[PDB]
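One file, start-v4.txt, carrying compact mmCIF, C-alpha atoms:
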# COMPACT_ATOMS: atom_id res chain seq x y z
CA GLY A 4 7.54 -11.91 -14.24
CA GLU A 5 3.86 -12.89 -13.99
CA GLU A 6 4.91 -16.57 -13.89
CA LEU A 7 6.32 -15.79 -10.38
CA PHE A 8 2.75 -15.13 -9.13
CA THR A 9 0.69 -18.18 -10.28
CA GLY A 10 0.82 -19.71 -6.79
CA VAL A 11 0.89 -18.56 -3.12
CA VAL A 12 3.88 -16.29 -2.50
CA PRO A 13 5.26 -15.44 0.94
CA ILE A 14 5.47 -11.75 1.75
CA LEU A 15 7.70 -9.77 4.14
CA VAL A 16 7.23 -6.09 4.89
CA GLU A 17 9.67 -3.80 6.77
CA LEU A 18 8.94 -0.15 7.46
CA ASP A 19 10.88 2.60 9.29
CA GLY A 20 8.89 5.71 9.96
CA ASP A 21 9.20 9.18 11.48
CA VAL A 22 6.04 11.30 11.84
CA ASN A 23 6.53 14.72 13.48
CA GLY A 24 9.67 13.22 15.12
CA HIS A 25 7.88 10.14 16.45
CA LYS A 26 10.03 7.26 15.22
CA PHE A 27 8.74 3.75 14.80
CA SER A 28 9.22 0.55 12.91
CA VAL A 29 6.75 -2.06 11.60
CA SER A 30 7.33 -5.61 10.44
CA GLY A 31 4.81 -7.68 8.51
CA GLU A 32 4.41 -11.20 7.22
CA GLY A 33 1.89 -13.10 5.20
CA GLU A 34 1.15 -14.33 1.74
CA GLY A 35 -0.36 -13.35 -1.54
CA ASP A 36 -2.30 -15.26 -4.19
CA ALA A 37 -2.57 -13.04 -7.27
CA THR A 38 -4.79 -15.55 -9.09
CA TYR A 39 -7.50 -14.40 -6.62
CA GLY A 40 -6.11 -10.93 -5.88
CA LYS A 41 -5.87 -12.07 -2.31
CA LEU A 42 -3.54 -10.89 0.50
CA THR A 43 -3.38 -12.03 4.10
CA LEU A 44 -0.90 -10.02 6.23
CA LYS A 45 -0.14 -9.36 9.88
CA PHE A 46 1.86 -6.29 10.96
CA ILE A 47 3.56 -5.64 14.29
CA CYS A 48 4.92 -2.37 15.62
CA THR A 49 8.36 -3.52 16.72
CA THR A 50 9.29 -0.32 18.60
CA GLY A 51 6.28 -0.29 20.98
CA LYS A 52 3.13 1.82 20.46
CA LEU A 53 2.39 3.00 16.94
CA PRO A 54 2.22 6.87 17.00
CA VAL A 55 -0.27 7.14 14.07
CA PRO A 56 -3.44 5.16 13.38
CA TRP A 57 -2.94 1.77 11.74
CA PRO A 58 -5.50 2.62 9.04
CA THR A 59 -3.26 5.43 7.78
CA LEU A 60 -0.44 2.91 7.08
CA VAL A 61 -2.47 0.33 5.14
CA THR A 62 -1.76 1.75 1.71
CA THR A 63 1.96 2.10 2.43
CA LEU A 64 2.43 -1.36 3.91
CA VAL A 68 2.39 -4.91 -2.83
CA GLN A 69 0.16 -4.20 -5.80
CA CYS A 70 1.94 -6.94 -7.73
CA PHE A 71 -0.61 -9.21 -6.07
CA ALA A 72 -3.51 -7.64 -8.05
CA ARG A 73 -5.74 -9.94 -10.00
CA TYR A 74 -5.57 -8.72 -13.61
CA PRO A 75 -8.34 -10.17 -15.75
CA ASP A 76 -7.07 -12.24 -18.64
CA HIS A 77 -8.09 -9.50 -21.09
CA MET A 78 -6.02 -6.91 -19.18
CA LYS A 79 -2.85 -8.89 -18.55
CA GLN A 80 -0.80 -6.65 -20.94
CA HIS A 81 -1.44 -3.76 -18.49
CA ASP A 82 0.14 -5.27 -15.37
CA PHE A 83 3.28 -3.14 -14.82
CA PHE A 84 3.82 -4.49 -11.35
CA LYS A 85 4.43 -8.13 -12.15
CA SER A 86 6.32 -7.26 -15.35
CA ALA A 87 9.04 -5.49 -13.26
CA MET A 88 9.70 -8.69 -11.23
CA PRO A 89 11.84 -10.25 -9.98
CA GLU A 90 14.18 -7.21 -10.01
CA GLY A 91 11.29 -5.16 -8.66
CA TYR A 92 10.20 -1.55 -8.58
CA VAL A 93 10.50 1.57 -6.48
CA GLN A 94 7.08 2.80 -5.23
CA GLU A 95 6.94 6.42 -4.01
CA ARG A 96 3.98 8.36 -2.67
CA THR A 97 2.94 11.62 -1.18
CA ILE A 98 -0.20 11.26 0.99
CA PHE A 99 -1.90 14.57 1.89
CA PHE A 100 -4.17 14.36 4.85
CA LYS A 101 -6.75 17.12 4.31
CA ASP A 102 -6.32 19.91 6.83
CA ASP A 103 -3.37 18.06 8.38
CA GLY A 104 0.12 16.73 7.61
CA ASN A 105 1.54 14.57 4.86
CA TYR A 106 3.40 11.34 4.47
CA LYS A 107 6.17 10.84 1.91
CA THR A 108 7.10 7.25 1.34
CA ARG A 109 9.75 5.40 -0.68
CA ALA A 110 9.65 1.63 -0.98
CA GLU A 111 11.47 -1.07 -2.88
CA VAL A 112 9.39 -4.08 -3.79
CA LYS A 113 11.34 -7.10 -5.12
CA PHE A 114 11.92 -10.79 -4.67
CA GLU A 115 14.45 -12.11 -2.22
CA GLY A 116 14.51 -15.70 -3.29
CA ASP A 117 10.96 -16.95 -3.17
CA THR A 118 9.76 -14.17 -0.81
CA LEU A 119 8.23 -10.94 -2.08
CA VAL A 120 9.72 -8.13 0.09
CA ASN A 121 8.43 -4.58 0.56
CA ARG A 122 11.01 -2.38 2.34
CA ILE A 123 9.76 1.12 3.11
CA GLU A 124 10.85 4.45 4.60
CA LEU A 125 8.12 6.90 5.64
CA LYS A 126 8.48 10.54 6.68
CA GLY A 127 5.51 12.53 8.00
CA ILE A 128 5.59 16.26 8.65
CA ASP A 129 3.24 19.12 9.49
CA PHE A 130 0.73 17.08 11.52
CA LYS A 131 -1.46 18.64 14.15
CA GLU A 132 -0.80 17.22 17.60
CA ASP A 133 -4.55 17.12 18.25
CA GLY A 134 -5.70 16.29 14.72
CA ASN A 135 -7.24 13.06 13.60
CA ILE A 136 -3.92 11.37 12.93
CA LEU A 137 -1.72 12.14 15.95
CA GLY A 138 -4.89 12.26 18.08
CA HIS A 139 -5.93 8.72 17.02
CA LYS A 140 -9.47 9.66 15.95
CA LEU A 141 -9.90 7.26 13.03
CA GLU A 142 -12.09 4.19 12.87
CA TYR A 143 -10.44 0.80 12.50
CA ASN A 144 -12.48 -1.35 10.15
CA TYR A 145 -12.26 -1.23 6.39
CA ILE A 146 -10.77 0.80 3.54
CA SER A 147 -12.07 0.45 0.03
CA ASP A 148 -11.34 2.52 -2.99
CA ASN A 149 -10.01 2.59 -6.58
CA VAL A 150 -6.37 3.21 -7.53
CA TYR A 151 -6.31 5.11 -10.89
CA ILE A 152 -3.23 4.15 -12.92
CA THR A 153 -1.66 5.86 -15.92
CA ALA A 154 1.59 5.26 -17.82
CA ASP A 155 4.76 7.37 -17.16
CA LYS A 156 6.74 6.68 -20.33
CA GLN A 157 9.62 9.00 -19.22
CA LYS A 158 10.47 6.92 -16.07
CA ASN A 159 9.50 3.71 -17.83
CA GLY A 160 6.81 3.28 -15.21
CA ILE A 161 3.46 4.35 -13.90
CA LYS A 162 1.71 6.97 -11.86
CA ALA A 163 -1.40 6.63 -9.82
CA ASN A 164 -3.78 8.78 -7.88
CA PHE A 165 -6.57 7.94 -5.45
CA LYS A 166 -8.45 9.06 -2.34
CA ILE A 167 -8.96 7.25 0.92
CA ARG A 168 -11.97 8.55 2.89
CA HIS A 169 -11.08 7.51 6.44
CA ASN A 170 -14.05 7.45 8.80
CA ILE A 171 -13.55 9.54 11.97
CA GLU A 172 -14.96 8.52 15.34
CA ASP A 173 -17.36 11.55 15.40
CA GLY A 174 -19.12 10.46 12.18
CA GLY A 175 -17.04 12.60 9.80
CA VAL A 176 -14.31 11.90 7.22
CA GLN A 177 -10.55 12.37 7.07
CA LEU A 178 -9.47 12.47 3.46
CA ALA A 179 -6.05 11.14 2.44
CA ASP A 180 -5.16 12.17 -1.12
CA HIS A 181 -2.58 9.79 -2.60
CA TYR A 182 -0.14 10.48 -5.42
CA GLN A 183 1.99 7.57 -6.49
CA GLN A 184 4.85 6.79 -8.85
CA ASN A 185 6.47 3.44 -9.63
CA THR A 186 9.66 2.92 -11.52
CA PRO A 187 11.44 -0.36 -12.35
CA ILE A 188 14.63 -1.28 -10.56
CA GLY A 189 15.91 -3.39 -13.44
CA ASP A 190 16.58 -2.36 -17.03
CA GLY A 191 14.40 -4.96 -18.82
CA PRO A 192 11.17 -4.30 -20.63
CA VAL A 193 8.09 -3.56 -18.59
CA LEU A 194 4.48 -3.27 -19.45
CA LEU A 195 3.31 0.35 -19.71
CA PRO A 196 -0.42 0.24 -19.23
CA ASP A 197 -3.46 1.96 -20.66
CA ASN A 198 -5.44 3.85 -18.09
CA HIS A 199 -7.22 1.55 -15.64
CA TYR A 200 -7.81 1.10 -11.93
CA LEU A 201 -7.31 -1.33 -9.10
CA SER A 202 -10.46 -1.94 -7.05
CA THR A 203 -9.09 -2.60 -3.55
CA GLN A 204 -10.87 -3.71 -0.39
CA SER A 205 -8.95 -3.95 2.91
CA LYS A 206 -10.41 -5.49 6.04
CA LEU A 207 -8.64 -4.70 9.31
CA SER A 208 -8.83 -6.87 12.41
CA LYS A 209 -7.01 -7.87 15.59
CA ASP A 210 -5.45 -11.18 16.65
CA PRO A 211 -7.08 -11.75 19.98
CA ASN A 212 -3.89 -13.45 21.35
CA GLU A 213 -1.49 -10.72 20.28
CA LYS A 214 -0.42 -8.27 22.96
CA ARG A 215 1.92 -6.20 20.82
CA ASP A 216 0.46 -3.25 18.86
CA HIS A 217 -0.50 -4.87 15.53
CA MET A 218 -2.83 -5.04 12.55
CA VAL A 219 -4.31 -8.04 10.72
CA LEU A 220 -5.21 -7.36 7.07
CA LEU A 221 -7.33 -9.34 4.60
CA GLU A 222 -7.21 -7.55 1.23
CA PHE A 223 -8.55 -8.10 -2.26
CA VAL A 224 -7.13 -6.23 -5.22
CA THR A 225 -8.67 -6.48 -8.72
CA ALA A 226 -7.79 -4.62 -11.92
CA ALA A 227 -10.68 -3.09 -13.85
CA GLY A 228 -11.71 -0.39 -16.25
CA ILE A 229 -10.77 -1.86 -19.60
CA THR A 230 -13.39 -3.62 -21.81

Write-out of the structure in structure tokens:
Amino acid sequence: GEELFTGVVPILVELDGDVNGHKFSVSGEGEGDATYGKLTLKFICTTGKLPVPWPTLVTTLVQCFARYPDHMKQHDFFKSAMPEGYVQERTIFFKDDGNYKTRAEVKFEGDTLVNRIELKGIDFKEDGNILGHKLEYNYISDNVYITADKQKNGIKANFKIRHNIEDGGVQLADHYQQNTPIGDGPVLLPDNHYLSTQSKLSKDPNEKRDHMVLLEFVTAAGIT
């Protein structure tokens, strides 16, 4: 499975979302180079204006592109599930606001790594930081804490994203994650570790559609 990642791999992302009844879709394209933990992606809202902030979608919109140090390669669940892929599910609780629930299938379609996602958001405040578009657009950086889930032959993870708000404050997004293989072959069930992830958000100055450019680095850590 890891052999599929030694070079540059094209990526396609497709998301359908509904947040407090606001429906939208996002498409993305780019490439990943797991040797360097490196992702370059561009996302477009294909239905018009995105009804939530782009930064709140970053985590939802391919952790198989993590750089695992040589000494940790036996702990890389994500690549070990390929090419058949895995189901990635989250609940994302926005403190003092609504939540997202997401279900994605991440797998190869030929030579392209595809992430197909459905997102449902409920209980948001119409004037909160999310539906009110009060978040900064710049960077997200944090650590994804992974543990084995022997019962689903997969993994769980938990992490926090501390989104900066335009007034100087913070909007916390508490993430709970589960991944389960699609296929029936052996997978690597890891010791506890984390992915150190840095996402840089930008705009394509020639792009008139509502969009997000992402440069991301993802590195496994936490084992000696």

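The two atoms in question, atom CA of residue 50 of chain A and atom CA of residue 170 of chain A, are spaced 26.5 Å apart.
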
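Pairwise distance (atom CA of residue 11 of chain A, atom CA of residue 88 of chain A) equals 15.5 Å.
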
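With only C-alpha atoms as the atoms that count, the minimum distance from residue 18 of chain A to the choices A:63, A:186, A:43, A:177 is reached by A:63.
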
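With all atoms listed in the file as the basis for measurement, A:22 is the residue among A:22, A:141, A:178, A:55 that approaches residue 124 of chain A most closely.
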
Spatial neighbours of residue 48 of chain A, max dist 8 Å, all atoms listed in the file, sep filter under 3 positions, as a list in words: residues 27, 28, 29, 30, 51, 52, 53, 215, 216 and 217 of chain A
